[PDB]
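Trainee: Below you will find the structure I want to go over with you.
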Amino acid sequence: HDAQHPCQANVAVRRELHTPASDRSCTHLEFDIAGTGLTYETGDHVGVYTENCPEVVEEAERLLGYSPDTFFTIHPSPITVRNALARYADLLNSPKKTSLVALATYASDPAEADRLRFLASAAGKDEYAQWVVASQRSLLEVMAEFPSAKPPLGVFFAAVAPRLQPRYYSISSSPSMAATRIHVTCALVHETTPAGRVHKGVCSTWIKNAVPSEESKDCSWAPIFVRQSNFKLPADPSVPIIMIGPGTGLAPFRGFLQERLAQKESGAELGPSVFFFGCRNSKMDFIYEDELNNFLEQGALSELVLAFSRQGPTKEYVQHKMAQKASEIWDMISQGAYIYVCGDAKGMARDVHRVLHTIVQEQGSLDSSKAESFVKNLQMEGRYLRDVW
Ligand SMILES: Cc1cc2nc3c(=O)[nH]c(=O)nc-3n(C[C@H](O)[C@H](O)[C@H](O)COP(=O)(O)OP(=O)(O)OC[C@H]3O[C@@H](n4cnc5c(N)ncnc54)[C@H](O)[C@@H]3O)c2cc1C
Ligand SMILES: NC(=O)c1ccc[n+]([C@@H]2O[C@H](COP(=O)([O-])OP(=O)(O)OC[C@H]3O[C@@H](n4cnc5c(N)ncnc54)[C@H](OP(=O)(O)O)[C@@H]3O)[C@@H](O)[C@H]2O)c1
């Protein structure tokens, strides 16, 4: 038991990773798994259940009209509307068309009812793609556009608001180094939607403000669990590895270096390791310097290559850094090296992928058709792994 469904795990430590000279944030959190069945391996993810900000919840109460003190059974033991809006209602994401049909049914204003049925309808698929999805309008924003849509409480949790999803995180710790704590490295998500809403990331803000048992015993806690991933180190340490996680994509790789370090003390020569890390600035964004210098100092990581998004005049990214070490990358690829990419899927991952096609031919001497197939074969061999979100 206790894998599919969550295990209450208090939060032991919660530390800010950036310097006070950084205008962003990134949180180091450790969940205390002592006394639980929870087990994890290097490269795994941890699912974390959180709750909505109180202000968000306050707004949902305003628009629904319910009594928060109303106890009802979410589809045992009942729950209040206020607690269900907090831990079980996805309030801030954009309503699906089926949710708009439900809303429309309880829209007592005929034009509000017509616009909703339209937005869900086929002849509305263009406007629904722009006004709702493109603009990143929440369920809460939509209901404010149609104050007449007053679905009953059953209908709301059954159809309008889907369940608050658990947020997944790459464990940044290895069991050998801390078999009693799950380490998560979590950047603070804080954006403005095209429609001008200011969105606090939901699990990220919880983590950024979680009270750790190392500073109080009312410490925070969250239902958590572990999902097995294929983002795994090679069985043989000797095998050469390439790691390409910048910014917050370092997290898996920190548990890669704890694994082979803990092994190395009792184990064999680890062979070549090269970690490509990128971040904005030396004096702000560099998360886990001293540990990384330590992993370099004691030979856990053979080499460490960094690019600076914005510190320098030149604005280096990691893929650019890869082009500089292209010939060497290719040698490790020919040597049997595994390559890991982790971090932002839409940009870094894509550009890192494109560099790879371009980089193989420099010594591959293959054209795009041939280079494409080669790098595709690395993926089906298991050689080339991507943990991107
Ligand atoms: C395998 C894996 C590993 C991960 N590892 C890490 C990690 O190590 N560190 C880390 O920080 N994160 C990691 N993430 C990302 C993490 O899972 C969450 O996606 C992230 O932390 C979001 O925080 P949040 O839940 O508060 O954000 P959410 O509230 O879910 O917001 C997420 C995004 O939704 C956007 N958004 C806001 N409103 C809307 C709307 N109406 N419609 C559509 N979009 C909207 C926001 O702009 C934001 O970019 C990982 C994800 C995966 C899948
Ligand atoms: N709140 C947020 O976290 C937030 C807000 C807006 C957008 N995003 C997007 O989502 C990503 C998540 O950020 P993070 O937590 O991984 O830290 P980050 O903010 O991405 O910083 C990591 C580093 O990646 C660099 N980078 C940006 N785009 C890249 C690309 N296409 N190829 C290679 N490197 C690139 C960044 O450079 P520069 O930043 O100097 O360009 C930065 O130096 C961001 O990179 C950004 O594109 C995130």
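Trainee: Placing +1 at every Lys and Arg Cβ and -1 at every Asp and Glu Cβ, with all other atoms neutral, what dipole size does the chain have around its Cα centre, in debye to the nearest 20?
Mentor: For this selection, approximately 720 debye.
Trainee: Could you tell me which residue out of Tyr317, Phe275, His183 lies farthest along the dipole of the chain toward its positive end? Charges go on the beta carbon: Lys and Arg +1, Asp and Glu -1, centred on the Cα centre.
Mentor: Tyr317
Trainee: Which residue, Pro147, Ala159, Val198, has the largest displacement toward the positive end of the dipole of the range 43-198 when charges sit on each Cβ (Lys, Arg +1; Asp, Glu -1)?
Mentor: The Cα lying farthest towards the positive end belongs to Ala159.
Trainee: So how do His75, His357, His183, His28 line up by other beta-carbon neighbours within 10 Å, fewest first?
Mentor: On the way: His75 6, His357 16, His183 24, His28 20.
Lowest count first: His75, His357, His28, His183.
Trainee: I need the fraction of alpha carbon pairs in the range 149-241 separated by more than 14 Å, rounded to a whole percent.
Mentor: For the range 149-241, the share of Cα pairs beyond 14 Å comes to 80 percent.
Trainee: Give the average over all directions of the projected area of the C-alpha convex hull of the range 241-388, one decimal, in nm². Could the numbers behind the result be given before it?
Mentor: On the way: hull surface 35.5 nm².
Reported value for the Cα convex hull: 8.9 nm².
Trainee: Evaluate the distance, in nm, between pseudo-label points positioned 7 Å from the Cα of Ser108 and of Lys283 along their respective Cα→Cβ axes.
Mentor: Output for this residue pair reads 6.1 nm.
Trainee: Can you pull a Stokes-Einstein diffusion coefficient for the range 54-160 at 4 °C (1.567 mPa s), Rh from Kirkwood over Cα pairs, as a whole number of µm²/s?
Mentor: The calculation lands on 92 µm²/s.
Trainee: Something else about it: Karplus couplings for the range 175-187 from phi (6.51 cos²θ - 1.76 cosθ + 1.60, θ = phi - 60°), rounded to Hz, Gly and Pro as x?
Mentor: x, 4, 7, 7, 7, 10, 9, 9, 9, 10, 10, 9, 7
Trainee: Using the number of other C-beta atoms within 10 angstrom as an exposure proxy, rank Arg354, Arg197 with the fewest first. Numbers along the way, then the final one.
Mentor: Working: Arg354 11, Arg197 15.
By the 10 Å Cβ count, ascending, the order reads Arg354, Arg197.
Trainee: Could you sort out which of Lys150/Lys200; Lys283/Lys325; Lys264/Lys376; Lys321/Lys376; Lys96/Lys346; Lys150/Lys217 sit more than 30 Å apart by Cα distance in this structure?
Mentor: With Cα atoms farther than 30 Å apart: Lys264/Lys376; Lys150/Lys217.
Trainee: With a cut-off of at most 13 other beta carbons within 10 Å, and DSSP calling the residue loop, which GluC sites (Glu not before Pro) in the range 235-292 qualify? Please list them.
Mentor: Within the range 235-292, the qualifying GluC sites (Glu not before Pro) (loop, at most 13 other Cβ atoms within 10 Å) are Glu269.
Trainee: Just rank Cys7, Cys279, fewest to most, by other beta-carbon atoms within 10 angstrom.
Mentor: Final ranking by Cβ density, sparse to dense: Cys7, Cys279.
Trainee: List the residues whose amide H sits under 5 Å from the amide H of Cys26, counting only those 5 or more places along or on another chain, with H placed 1.01 Å from N in the peptide plane.
Mentor: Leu17, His18, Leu188
Trainee: Right, next: Mind pulling the per residue volume of the convex hull built on the Cα atoms of the chain? Å³ is fine.
Mentor: Considering the Cα atoms of the chain, their hull volume per residue is 176 Å³.
FYI the Cβ positions are ideal-geometry reconstructions off the backbone, even for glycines, and counts take in every protein chain you see. Every read-out reported here was derived from the displayed coordinates using simple, explicitly stated rules and does not represent laboratory data.
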